[PDB]
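In the working numbering, the protein residues as written are 393 to 527.
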């Protein structure tokens, strides 16, 4: 889920593009502090928001996670990424949650939609809103 101040695109950028630290424990603090819980796992794509927007321009395909959605797009090329996995839960004090980090080079499939009319910048009419899968 996302805090109310974010559009889906801004939340996608916060969860999957802006890895504030190369260390998962530190990077996850941002997502967890906003979600008010320690997310079990999360992937950070080491690419730019602009690159993902362009992936939104690739052919539409069925989303692996949902056979009823057709707003997904394949990255075409692989990108470096870091997958974070929760190793030490701490619902009472989320700042104490620790994560493992797994580096990899994989393709990704993202779901894209038209931007939030009132809050997303007009610069990008189409934006990524969900990371459906990494391969």
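Even for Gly, the Cβ is constructed at its ideal location relative to N, Cα and C.
Residue 426: member of the alpha helix (DSSP H) spanning 416-427, first to last residue. Residue 432 and residue 472 have their C-alpha atoms roughly 21 Å apart.
Rounded to whole angstroms, the Cβ separation of residue 445 and residue 519 is 6 Å, and the two are in contact under 8 Å. Under the 8 Å Cβ criterion, the stretch 398-418 does not count as touching the stretch 481-488, having fewer than three qualifying pairs. The residue from 502, 514, 507, 517 with its alpha-carbon nearest to that of residue 524 is 502.
Counting of Cβ neighbours within 10 angstroms places residue 474 among the buried residues, the total reaching 16 or more.
Here residue 527 has 498, 499, 500, 501 as same chain residues with Cβ atoms under 8 Å from its own Cβ, once five neighbours each way along the sequence are excluded. Segment contact: the stretch 421-428 against the stretch 451-461, fewer than three CB-CB distances shorter than 8 Å; contact not assigned.
In terms of Cβ geometry, residue 510 and residue 517 do not form a close pair [threshold 9 Å]. Taken atom to atom, the span from the alpha-carbon of residue 395 to that of residue 464 is near 24 Å. The beta-carbon distance between residue 505 and residue 399, rounded to whole angstroms, is 10 Å. This is too long to meet the 8 Å contact definition. The beta carbon of residue 429 sits closer than 7 Å to those of 483, 486, all from its chain and outside the five residues before and after it, given in chain order. The continuous beta strand (DSSP E) containing residue 494 extends over residues 490-498.
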